[PDB]
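> Structure incoming, see below.
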There are 2 protein chains.
Amino acid sequence: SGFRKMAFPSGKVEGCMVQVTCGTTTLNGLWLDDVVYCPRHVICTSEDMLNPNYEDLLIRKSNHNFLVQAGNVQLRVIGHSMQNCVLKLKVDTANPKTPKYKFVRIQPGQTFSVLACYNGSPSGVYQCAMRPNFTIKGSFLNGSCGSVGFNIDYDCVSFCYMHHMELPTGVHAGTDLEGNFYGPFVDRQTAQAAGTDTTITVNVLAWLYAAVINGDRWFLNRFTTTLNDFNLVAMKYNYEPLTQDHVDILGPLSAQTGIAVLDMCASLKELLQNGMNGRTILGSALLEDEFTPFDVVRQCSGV
Amino acid sequence: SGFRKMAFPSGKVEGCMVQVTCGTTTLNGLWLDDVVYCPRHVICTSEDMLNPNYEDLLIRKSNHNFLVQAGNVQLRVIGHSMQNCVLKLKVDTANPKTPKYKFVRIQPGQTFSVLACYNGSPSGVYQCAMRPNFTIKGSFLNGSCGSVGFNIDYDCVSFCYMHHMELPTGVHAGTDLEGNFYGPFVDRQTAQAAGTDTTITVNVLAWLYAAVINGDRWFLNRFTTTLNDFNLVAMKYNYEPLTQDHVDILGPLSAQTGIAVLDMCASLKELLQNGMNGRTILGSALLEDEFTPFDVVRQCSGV
Ligand SMILES: *[C@H](O)[C@H](C[C@@H]1CCNC1=O)NC(=O)[C@H](CC(C)C)NC(=O)OCc1cccc(C(F)(F)F)c1
Ligand SMILES: *[C@H](O)[C@H](C[C@@H]1CCNC1=O)NC(=O)[C@H](CC(C)C)NC(=O)OCc1cccc(C(F)(F)F)c1
Ligand code: NA
Ligand code: NA
């Protein structure tokens with residue numbers, strides 16, 4: 001037993017990380033087959049980054065302006081193109097460590113592992129949730145751009161995120177691997193703000209089920225509520241509305257615990273109104289919303 | 001910026017995980033050069049596990065009783081020996097993916113990454129701190145024994161933990177890679193309890209420095225205190241005493257922030273007496289003690 005925020009093992013992605021240099025800018029790239037993917041802002045300069053025309057910038061580049069390094073071995077670039085906000089550098093060697101992979105775009109409320117990298121070298125792994133406002137709460141320093149987010153399913157890596165920037169509030173923004181931003185953001189140094197966020201209700205309920213499975217029961221009660229009455233409380237506390245689909249996805253956890261979803265919703269209602277009164281749930285004194293039902297089932301089915 | 005609990009990239013350890021089967025018991029082993037290390041309780045049966053004599057149990061085994069599998073490829077065992085609570089199975093192939101490594105024993109208050117594995121296959125990575133009472137707060141199901149904990153330093157893996165069991169409170173216990181338990185525990189199914197725990201004061205202070213570096217300042221104040229006066233408050237709240245060595249290790253963080261350690265200690269004193277009053281620090285509503293000064297410097301020096 002135990003419930004811990006847990007990343008996927010990063011080995012399959014570590015074998016894909018390279019370093020991409022253009023001019024005096026160095027960041028990370030993702031080397032799959034004979035193509036390296038990286039943020040297109042690597043071709044910007046200190047003065048371009050205010051409002052650059054990337055099509056003009058790329059037309060003025062040649063293959064020899066791109067220094068790619070897989071460890072010590074330099075990779076020769078034989079072509080370059082832009083796909084939305086990602087640059088694709090064709091190289092003369094197919095990555096022999098290329099895993100089975102997909103490029104997927106994820107939904108707000110879903111989680112993924114981030115492999116934070118600097119100079120093409122992995123440094124750390126951690127879990128992120130895509131917030132309703134399309135930001136993530138990461139840990140990224142200068143040099144981390146091109147770090148990717150991913151999930152793994154039966155040795156197939158589904159890449160869903162490439163890191164591009166930090167917003168003024170300290171949260172992070174990036175693209176899918178097609179180069180399309182998550183959220184209403186652009187890859188330039190301007191005044192950008194994330195919209196207001198909300199709490200991911202189905203995830204909070206999944207985590208309360210994780211808590212029960214691990215022996216935290218103090219917040220339970222004999223009451224049940226209705227879906228419409230719960231969504232009234234959700235609106236007041238800036239929680240997302242609970243849908244019948246969410247109730248269905250929580251079915252397995254409700255079955256394992258014998259606690260109906262609308263039974264657990266009554267507990268959440270009371271936690272929102274009364275707080276915790278000095279107690280904790282799974283080691284937290286706040287309601288946690290960054291664990292999906294899948295994340296919980298992954299760790300709690302055996303218990 | 002940002003501060004996130006972060007594991008080391010797990011690739012170097014993934015390449016060392018195998019599956020070890022003896023009888024009807026399957027767990028994980030660590031394959032380094034031509035030796036596989038795993039918990040010796042793999043040679044126990046359902047009735048042996050109450051109070052087994054492991055020396056007798058191993059004398060009655062032969063090499064062919066041990067099924068080792070590195071993925072699909074079965075590894076042939078050519079020798080077996082016991083070192084304290086770990087079994088060493090000699091195999092006829094040196095692991096070609098063996099990293100540079102050390103076996104180190106860690107101290108209470110220090111952290112490490114855990115690569116949770118089942119059937120020799122890695123499933124997740126997360127950070128743990130060795131508690132003062134020599135337990136860890138992990139996430140381990142049946143089949144996870146033989147999963148290891150490690151730190152990485154310049155492509156050298158320092159292995160410090162192998163998982164053996166779960167205590168009645170749900171926390172976890174294991175050995176170093178020499179087979180010596182952390183804490184006053186034994187590898188059999190009996191009545192074992194962890195002693196009382198305490199809070200790791202130097203780690204809480206390191207995390208408060210991380211908070212300041214990331215823009216959380218609401219808990220700061222103009223006051224400073226003395227080391228002896230702070231340790232009086234530490235005793236009352238079940239915190240470990242602060243030593244001058246701890247003050248010295250926090251030197252870099254105090255320099256980066258301009259906040260003396262005894263200045264930060266006054267803030268902790270007030271947090272312990274007054275609580276947070278509905279506010280959070282780095283996304284937590286509790287004082288976090290599982291980040292070492294090293295962990296903080298790793299993520300916060302660039303900010
Ligand atoms: C790419 O490595 C970098 C990643 C940033 C740096 C700090 N944290 C991150 O996530 N991305 C950028 O620097 C990005 C580039 C423009 C889109 C062209 N701009 C950006 O994030 O500016 C915001 C910012 C905030 C704090 C610190 C920095 C600094 F590190 F660049 F100084 C930048
Ligand atoms: C080895 O894979 C296993 C790891 C345990 C199982 C559940 N969580 C863990 O960390 N270790 C044992 O099963 C261990 C073996 C003895 C030392 C010989 N015994 C043990 O942990 O018993 C406690 C326990 C608690 C909850 C659930 C179990 C169960 F999974 F075995 F049923 C065991
Ligand atoms: Na209820
Ligand atoms: Na102070």
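Starting from 1 in every chain, residues are counted up; chains themselves are A, B, ... following the order of the structure tokens, and ligands are numbered from 1 as listed.
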Could you list, with a cut-off of 10 Å and counting only C-alpha atoms, the residues of chain B near chain A, each shown with its nearest atom pair and the distance in Å rounded to one decimal, rows sorted by chain and ascending number, as CSV?

```
residue,atom,partner,partner_atom,distance
B:1,CA,A:140,CA,5.5
B:2,CA,A:139,CA,4.2
B:3,CA,A:139,CA,5.3
B:4,CA,A:139,CA,5.8
B:5,CA,A:126,CA,6.9
B:6,CA,A:126,CA,5.1
B:7,CA,A:125,CA,5.2
B:8,CA,A:124,CA,4.8
B:9,CA,A:124,CA,5.3
B:10,CA,A:10,CA,5.6
B:11,CA,A:11,CA,3.7
B:12,CA,A:11,CA,7.4
B:13,CA,A:11,CA,8.7
B:14,CA,A:11,CA,6.8
B:15,CA,A:11,CA,8.4
B:114,CA,A:6,CA,9.7
B:115,CA,A:9,CA,7.5
B:116,CA,A:9,CA,8.9
B:117,CA,A:9,CA,9.8
B:121,CA,A:9,CA,9.9
B:122,CA,A:9,CA,6.5
B:123,CA,A:9,CA,6.4
B:124,CA,A:8,CA,4.8
B:125,CA,A:7,CA,5.2
B:126,CA,A:6,CA,5.1
B:127,CA,A:6,CA,8.5
B:128,CA,A:4,CA,9.5
B:137,CA,A:2,CA,7.2
B:138,CA,A:2,CA,5.8
B:139,CA,A:2,CA,4.2
B:140,CA,A:1,CA,5.5
B:141,CA,A:1,CA,5.6
B:142,CA,A:302,CA,7.5
B:152,CA,A:123,CA,9.5
B:166,CA,A:1,CA,7.9
B:169,CA,A:215,CA,9.5
B:170,CA,A:1,CA,6.4
B:171,CA,A:2,CA,7.4
B:172,CA,A:2,CA,8.9
B:214,CA,A:170,CA,8.1
B:215,CA,A:170,CA,9.0
B:275,CA,A:278,CA,9.8
B:278,CA,A:275,CA,9.8
B:280,CA,A:286,CA,9.1
B:283,CA,A:286,CA,8.8
B:284,CA,A:286,CA,7.1
B:285,CA,A:285,CA,5.2
B:286,CA,A:285,CA,6.2
B:287,CA,A:285,CA,9.9
B:288,CA,A:284,CA,9.8
B:298,CA,A:123,CA,9.4
B:299,CA,A:139,CA,7.3
B:300,CA,A:141,CA,8.5
B:301,CA,A:141,CA,9.2
B:302,CA,A:141,CA,6.3
B:303,CA,A:141,CA,7.2
```
> What do you get as a list in words if you pick all residues at most 9 Å from ligand 3, counting only C-alpha atoms and all ligand atoms?
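Counting only C-alpha atoms and all ligand atoms, the residues within 9 Å of ligand 3 come out as residues 219, 220, 221, 222, 223, 224, 225, 259, 260, 261, 262, 263, 264, 265, 266, 267 and 268 of chain A.
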> Between CA of residue 185 in chain B and CA of residue 104 in chain B, what distance in Å does the model show, to one decimal?
19.1 Å
> Show me which residues line ligand 2, defined as having an atom within 9 Å of a ligand atom where only C-alpha atoms and all ligand atoms count, and present them as a ChimeraX atom specification.
/A:1-2,302-303 /B:25-28,39-42,44-46,48-52,118,138-147,163-173,186-190
> Figure out the distance between CA of residue 213 in chain B and CA of residue 257 in chain B, please, to one decimal in Å.
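About the pair CA of residue 257 in chain B and CA of residue 213 in chain B: they are 6.8 Å apart.
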> What are the DSSP strand (DSSP E) residues of range 27-211 of chain B, as a ChimeraX atom specification?
/B:27-32,35-39,66-70,73-75,77-83,86-91,100-103,111-118,121-129,148-153,156-166,172-175
> Which is closer to ligand 4 than all the others in B:270, B:245, B:34, B:289, using only C-alpha atoms and all ligand atoms?
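Residue with the minimum atom-to-atom distance to ligand 4: B:270.
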> So that I can see what lies close to residue 151 in chain A, please list as a list in words the residues with an atom at most 8 Å from it, counting only C-alpha atoms and leaving out residues fewer than 2 positions away in the same chain.
residues 8, 112, 113, 149, 153, 157, 158, 159 and 160 of chain A
> Pick from B:75, B:271, B:232, B:94: nearest to ligand 4, with only C-alpha atoms and all ligand atoms counted?
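Of the candidates, the smallest distance to ligand 4 is held by B:271.
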> Please, what distance in Å, to one decimal, runs between atom 1 (C, counted along the ligand's line) of ligand 1 and CA of residue 106 in chain A?
21.4 Å
> Using DSSP assignments from the backbone, pull out every residue in range 118-208 of chain B that falls under alpha helix (DSSP H) and give it to me as a list in words.
residues 201, 202, 203, 204, 205, 206, 207 and 208 of chain B
> Would you mind telling me which residue in B:218, B:154, B:161, B:54 lies nearest to ligand 4 when using only C-alpha atoms and all ligand atoms?
B:218
> Have a look at A:58, A:96, A:107, A:192 and name the one nearest to ligand 1; count only C-alpha atoms and all ligand atoms.
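Using only C-alpha atoms and all ligand atoms, ligand 1 sits closest to A:192.
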